[PDB]
Amino acid sequence: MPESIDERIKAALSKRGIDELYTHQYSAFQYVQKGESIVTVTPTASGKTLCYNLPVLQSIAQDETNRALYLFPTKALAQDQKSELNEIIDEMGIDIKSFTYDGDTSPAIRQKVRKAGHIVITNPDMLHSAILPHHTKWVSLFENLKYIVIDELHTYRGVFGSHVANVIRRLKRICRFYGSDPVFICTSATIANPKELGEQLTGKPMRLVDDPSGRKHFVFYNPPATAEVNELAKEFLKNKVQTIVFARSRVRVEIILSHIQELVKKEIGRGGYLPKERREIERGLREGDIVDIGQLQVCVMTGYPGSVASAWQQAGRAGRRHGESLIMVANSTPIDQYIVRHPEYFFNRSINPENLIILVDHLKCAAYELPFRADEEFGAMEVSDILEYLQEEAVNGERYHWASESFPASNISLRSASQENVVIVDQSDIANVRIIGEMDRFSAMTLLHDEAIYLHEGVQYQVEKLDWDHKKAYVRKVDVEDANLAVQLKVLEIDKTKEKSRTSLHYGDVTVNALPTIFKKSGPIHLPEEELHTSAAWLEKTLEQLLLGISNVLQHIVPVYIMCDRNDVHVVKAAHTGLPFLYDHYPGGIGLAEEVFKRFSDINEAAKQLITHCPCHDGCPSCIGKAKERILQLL
Ligand SMILES: [Zn+2]
């Protein structure tokens, strides 16, 4: 082992015993010390937090005047990582103070951690809202902000991805002023474009790290869900096999765990969780009867968790050292049945800051937190003439307010393009009236319309009311367990066009309108409407029905490859070109069309194979809702 690494760290890691010269940790540390940003796809069982901890703590131990900044999604994960690294600081013995700076920290120590904390953990919302606008009170952080750590990079996508990219633009701008360009260390999971997603974020050409421990078994069956998973778990427990099941929604967890718990507890005799009891359960699991919290012997799932990365991660939570283990049951849903009938995405792998509205919002924010100068750029967005129409307002531009409640950041809620959008309030029980979700204008028109069928994470809901003039959905949770809208459209421009074999493929910008019309399951509804300018990638009555079938195929195939919500983008003679339309949901380009521009060839090939190998008769209700081969030979 090279003696370049600090011997304090070497001995502290030799105490626990993980001194193995490992592959991905080596490739990460070497080329992070070299100065190149990295993105890793290593699982939790292999490397986990150490791959980004080790270079950070090495730089902290070398020069005491070094600071690190972490991006973790929630306050619970912030506290978890803080405790995990505080344990290693304790084993190291070096006077290093690392804390979290989020909404639930004691104010008596906030100034302290601003003046003396080495590592600072903070979620993007709190970061953007408080830390960067008051970067003055963070001088000591930004003068020596060497590294920037990001956990779960795939969560930063869509509107959240664009907003976080703009926040990191502001962050790098502040660092440029304070003279401390940081190298970026991003962690993620199994996605199709890990390096391509890491490059566009910060505009840095970071490298991706892909790299016996036995072999893990895979299950590909479907019973003709809760009770069946319970029976599988009870078989494993009768055989005395360490088993883990994965229910996501807390309510489903409580129900299934009540079943399993009464049974097994009579046999054997998340968010709201705290780090003390978390470490107690870790102790129990890894050195008792029932973060390296422990290693499981078999993994049981509960449907496709709506993410390629999340499924692989929850599968990788289990594993042994030089041993074998086993890995999912679908439900009465075409999406889970589809991911069952499509295991071809497992042998290997299976967004746009150019949105001008978010650009204007973050321009206002940056102008508040740091004055601009038009004489330098790396190649990002900074056209000064556009940066100069932001002027006064006689009778939205800037708000030169001398009051205190008004703010430039104000309503710029980056979690879901919440310029002005709806907030969801659960009216099931008054005691703890749970305010849960938030949704854009058009997204709420599509989903949260009054008296709808809302499904929020395996739990059924029912919309009671929607205050549209103040954007507030009031819903009711149901245990007894569709929608529609259509109107005209207009076009703008095309920045990417084709002419291949009569079938021209265009990508550009358009402007659409809205109208709720009716909803399915059988009722009409009206709501005030507004236009929407965004990017879009696109290409007698029997032909209209054929195009409707094509639209069904696309609506059921596109969310898979783009890995987004099913109700993000929406599929549509056209007056633009005289003959007969994917468009982005949220105002402005969000990559949901440029990714289609990139991968439309493979999308069309997969559509061919899907419409051919569908277990039906020339079209299934889950794919179309000899027309099959006619569609095939037309496309
Ligand atoms: Zn079919």
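Numbers here mean position along the shown chain, with the first residue as 1.
Going by what the header records, the deposited coordinates were determined by X-ray crystallography, 3.3 Å.
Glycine residues also receive a Cβ, built from the backbone N, Cα and C atoms like all the rest.
Feature annotations, courtesy of Swiss-Prot:
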BINDING   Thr42, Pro43, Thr44, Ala45, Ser46, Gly47, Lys48, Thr49  ATP binding site
DOMAIN    29-209  domain 'Helicase ATP-binding'
MOTIF     151-154  motif 'DEVH box'
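In this view, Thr42 (ATP binding site) is surrounded by 22 other Cβ atoms within 10 Å of its Cβ, with every protein chain counted. Distance across the unmodelled 10-residue segment, from the CA of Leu539 to the CA of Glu540, is 18 Å in the deposited entry. Excluding the listed site residues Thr42, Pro43, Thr44, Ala45, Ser46, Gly47, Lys48, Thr49, the same chain places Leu50, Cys51, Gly316 with Cβ atoms within 8 Å of the centre of the ATP site Cβ atoms. For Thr49 (ATP binding site), the same-chain residues that are 6 or more apart in sequence and have a Cβ closer than 8 Å to its Cβ are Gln81, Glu84, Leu85, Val291.
Sequence-distant contacts of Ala45 (ATP binding site), defined by Cβ-Cβ distance under 8 angstroms and a gap of at least six in the same chain, are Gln295, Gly316, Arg317, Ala318, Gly319. Cα atoms of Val572 and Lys573 lie 12 Å apart, with 3 unmodelled residues in the deposited structure between them. Its own atom aside, the Cβ of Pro43 (ATP binding site) has 16 Cβ atoms within 10 angstroms in the protein chains shown. Spanning 12 unmodelled residues, the straight-line distance from the Cα of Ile290 to the Cα of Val291 measures 17 Å. For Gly47 (ATP binding site), the same-chain residues lying six or more positions away in sequence with a CB closer than 8 A to its CB are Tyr22, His24, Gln25, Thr40.
Cβ-based neighbour count (10 Å, all protein chains) for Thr44 (ATP binding site) stands at 17.
DSSP gives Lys48 (ATP binding site) a coil state; it is part of no helix or strand. Counting every protein chain shown, the Cβ of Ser46 (ATP binding site) has 17 other Cβ atoms within 10 Å. In terms of DSSP secondary structure, the motif 'DEVH box' (151-154) contains 2 helix, 0 strand, 2 coil. Residue environment of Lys48 (ATP binding site) contains 15 other Cβ atoms, counted within 10 Å of its Cβ in all protein chains.
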